[PDB]
Amino acid sequence: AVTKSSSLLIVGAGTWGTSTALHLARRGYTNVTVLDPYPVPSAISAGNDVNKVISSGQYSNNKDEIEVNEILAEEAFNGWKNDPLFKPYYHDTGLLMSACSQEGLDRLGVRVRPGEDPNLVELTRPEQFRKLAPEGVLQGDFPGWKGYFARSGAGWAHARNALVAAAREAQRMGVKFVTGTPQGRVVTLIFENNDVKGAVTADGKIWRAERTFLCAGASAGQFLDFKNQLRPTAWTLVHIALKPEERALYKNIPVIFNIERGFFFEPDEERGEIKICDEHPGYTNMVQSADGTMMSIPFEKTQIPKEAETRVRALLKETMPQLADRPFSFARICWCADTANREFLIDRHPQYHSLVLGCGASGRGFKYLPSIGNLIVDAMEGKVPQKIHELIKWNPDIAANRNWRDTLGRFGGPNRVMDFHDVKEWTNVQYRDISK
Ligand SMILES: Cc1cc2nc3c(=O)[nH]c(=O)nc-3n(C[C@H](O)[C@H](O)[C@H](O)COP(=O)(O)OP(=O)(O)OC[C@H]3O[C@@H](n4cnc5c(N)ncnc54)[C@H](O)[C@@H]3O)c2cc1C
Ligand SMILES: O=C(O)CSC[C@@]1(O)OC[C@@H](O)[C@@H](O)[C@@H]1O
């Protein structure tokens, strides 16, 4: 019974909240408000990054899960390739996907499905890896690396610039963004007569809405009982700034990715900075409540654990050893939230009639920026196809008996899901306000 002018409220102006705002606006809605405790682009948004990988990789070997993920990935790629708003930010550089151990290579097979793509080049010798870039870039020995190179049809997007472009387009189409603290910091949803009626912000403003979308990423569990469906989990990233004289050499290189070591990208234009991530199964931040119950609580930090730095420099030694001792120009932790099987959680709430969930991006949601809003709007409108709905629906049963330490098909570092409570030392990198 929504009209196009019904008050709609989105909690979170991150990747999926912004996508939702954009798609509501495109679909004719004229009374949408988005709330976020940070200015766009949010400093705690996982999407606020100079690059993200865009590729069609799979996360399951189950036929039904593969089919649904293919549908959603095709829609996202369509956006990056064909939507004038998103095309500017996508760079089809190609992508190397690799591993080292037998367990890693098994996982690589599931992810890459090399038998389905004759275009992939198989790499098994160090010289083959070095030849992916001009002489002097990939100087390392790539010890034990084996993988598959996609020459095109995969690459990277300028995540921050795409996020900002989408928000600014939503805004010019009439979406209200209320950002910053306290005005955009939601402190509770409004619970009235067994429904959610909107939200209250930290400035003590009451925001009533006909429908509320919860798109708060790793923080979503603060607001609602997810019945153990979400595990807030964090990853680590650094930048190294190349000198102006050395930047040309590194331009246009493919994304280099080993699922047991880490990955990096060509340098950004603004600062000539290479972004590097050490791969691992993630950090939780498990706190015990007065109940004695367990929950992972996100926090902002513009540093990484020293152990993460060690893993980054180890990766660089194997690939770009000439850079392995360079000081970092930027470092941060980056949060998302994993469902029990890393499938998305996009549905109407089963009891709260007015609430729509758009979360559980499971550390792989950025690439859906162009498209995921359509699916979240479909959920509000009741238009999700049964096939897709079955995979992404509200699902407490999959999260019952939950193992919080499940590595969920990820590898690297200690091959354990770690915890920030175990971290004793952090880096000392210069602060940068990425909300600009
Ligand atoms: C290091 C790293 C690398 C990654 N690499 C890739 C990749 O290569 N490719 C890919 O596809 N994905 C990648 N991902 C995953 C991807 O970034 C996330 O899955 C995706 O961005 C999550 O989107 P989201 O909208 O759910 O959350 P976010 O974009 O994090 O947005 C959550 C929003 O909630 C807001 N919020 C928090 N508290 C409140 C509050 N109290 N009130 C209102 N709003 C609030 C926050 O300010 C934030 O803006 C990566 C993630 C990380 C951390
Ligand atoms: O979706 C992709 O193609 C890359 S996600 C990159 C990454 O850093 O995202 C965060 C976590 O899911 C990590 O395991 C993972 O390697």
Side-chain angles (χ1 to χ4, degrees), residues 46 51-77 80 90 92-124 128-129 132 142 144-157 231 233 235 237 254-265 276-282 311 315 318-319 334 336 338-344 360-368 372 391-392 406-413 415-417:
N51 39 42
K52 296 289 194 191
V53 185
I54 310 300
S55 88
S56 57
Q58 289 290 156
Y59 289 87
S60 174
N61 61 0
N62 262 71
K63 181 174 177 292
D64 65 302
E65 294 189 80
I66 292 168
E67 295 185 349
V68 167
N69 278 275
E70 283 179 332
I71 292 172
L72 298 185
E74 202 270 352
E75 288 167 341
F77 259 98
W80 294 112
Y90 175 60
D92 195 53
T93 54
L95 166 66
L96 168 75
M97 290 292 293
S98 60
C100 296
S101 75
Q102 190 53 65
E103 200 172 9
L105 291 167
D106 291 347
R107 178 65 170 163
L108 190 67
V110 171
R111 292 192 55 176
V112 174
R113 298 188 294 163
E116 301 201 344
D117 186 4
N119 296 339
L120 294 171
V121 184
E122 184 181 299
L123 291 74
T124 57
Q128 289 178 293
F129 290 90
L132 294 175
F142 296 86
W145 287 43
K146 187 183 172 285
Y148 299 100
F149 182 58
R151 303 181 181 260
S152 64
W156 65 272
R231 184 190 68 189
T233 315
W235 287 269
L237 71 89
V255 179
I256 301 298
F257 202 125
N258 181 301
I259 70 173
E260 298 187 81
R261 302 287 189 267
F263 58 91
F264 58 82
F265 301 82
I276 306 128
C277 293
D278 57 308
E279 184 63 13
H280 55 74
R311 295 187 296 259
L315 165 63
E318 297 185 2
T319 55
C334 169
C336 196
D338 287 317
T339 57
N341 65 353
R342 292 182 68 190
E343 304 299 349
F344 306 147
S362 299
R364 67 191 183 89
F366 185 78
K367 65 187 76 65
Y368 307 89
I372 204 68
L391 193 63
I392 65 179
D406 194 339
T407 53
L408 294 170
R410 301 184 174 100
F411 294 94
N415 285 109
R416 303 185 166 278
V417 182

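Nothing fancy with the numbering, it's 1 onward along the sequence. Note that these values count all heavy atoms, side chains included, but never hydrogens, waters or copies made by symmetry.
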The side-chain hydrogen bond (donor to acceptor under 3.5 Å, both in side chains) partners of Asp106 (sequence neighbours excluded) come to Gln102

Does a side-chain heavy-atom distance below 4.5 Å link [X] with [Y]?
| X | Y | answer |
| --- | --- | --- |
| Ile54 | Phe77 | yes |
| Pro114 | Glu122 | no |
| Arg261 | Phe411 | no |
| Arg364 | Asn69 | yes |
| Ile392 | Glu343 | no |
| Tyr90 | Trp156 | no |
| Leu72 | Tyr368 | yes |
| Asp278 | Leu315 | no |

Enter the distance from [X]:[atom1] to [Y]:[atom2] here, rounded to the nearest 0.5 Å.
| X | Y | atom1 | atom2 | value |
| --- | --- | --- | --- | --- |
| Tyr148 | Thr124 | OH | OG1 | 10.0 Å |
| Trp145 | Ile256 | CH2 | CD1 | 7.0 Å |
| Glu318 | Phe142 | CD | CZ | 9.0 Å |
| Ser362 | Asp338 | OG | CG | 5.0 Å |
| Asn258 | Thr319 | CG | OG1 | 9.5 Å |

For [X] and [Y], which I'm curious about, is there any donor-acceptor pair between the side chains at under 3.5 Å?
| X | Y | value |
| --- | --- | --- |
| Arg231 | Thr233 | yes |
| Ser101 | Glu260 | yes |
| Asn61 | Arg107 | no |

| task | Would you check, one step at a time, whether the test side chain to side chain contact (heavy atoms under 4.5 Å, CB included) holds for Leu96 with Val255? | result | CA-CA 6 Å; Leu96 168 75; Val255 179; over 6 Å; no

Original post:
ring-ring contact (aromatic ring centres under 6.0 Å, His included) between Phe149 and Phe129: does it pass, once the steps are laid out?
Top reply: CA-CA 9 Å; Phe149 182 58; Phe129 290 90; 9.7 Å; no

Shortest non-hydrogen contact from [X] to [Y]?
| X | Y | result |
| --- | --- | --- |
| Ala340 | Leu408 | O-CD2, 3.2 Å |
| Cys336 | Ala361 | SG-CB, 3.8 Å |
| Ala99 | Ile259 | CB-CG1, 3.9 Å |
| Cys277 | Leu237 | SG-CB, 3.8 Å |
| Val110 | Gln58 | O-CB, 3.6 Å |
| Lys52 | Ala46 | NZ-O, 2.7 Å |

*Could you tell me how the ring of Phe263 sits relative to the ring of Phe257: parallel (under 30°), tilted (30 to 60°) or perpendicular (over 60°)?*
parallel

Quick one: sort the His280 and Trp235 rings into parallel, tilted or perpendicular, breaks at 30° and 60°. parallel

If you count every heavy atom of other residues, nucleotides or ligands that lies below 6.0 Å from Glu103 atom CD, does the total exceed 12?
no

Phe264 meets the ring pair (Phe, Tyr, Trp, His ring centres under 6.0 Å) criterion, sequence neighbours left out, with none

> Is there a side chain to side chain contact (heavy atoms under 4.5 Å, CB included) between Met97 and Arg111 once you walk through the steps?
Replying inline: CA-CA 9 Å; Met97 290 292 293; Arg111 292 192 55 176; 3.7 Å; yes

>> I'd like to know if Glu70 and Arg113 make a salt bridge, using a cut-off of under 4.0 Å between side-chain N and carboxylate O.
In response: yes

* Got a salt bridge between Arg151 and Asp92, using NZ or NE/NH1/NH2 to carboxylate O under 4.0 Å? -> no

Subject >> Steps toward side chain to side chain contact (heavy atoms under 4.5 Å, CB included) verdict (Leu123, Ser98) >> reply: CA-CA 8 Å; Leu123 291 74; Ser98 60; over 6 Å; no

List the steps and the verdict of side chain to side chain contact (heavy atoms under 4.5 Å, CB included) for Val417 and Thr407. CA-CA 6 Å; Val417 182; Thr407 53; 4.3 Å; yes

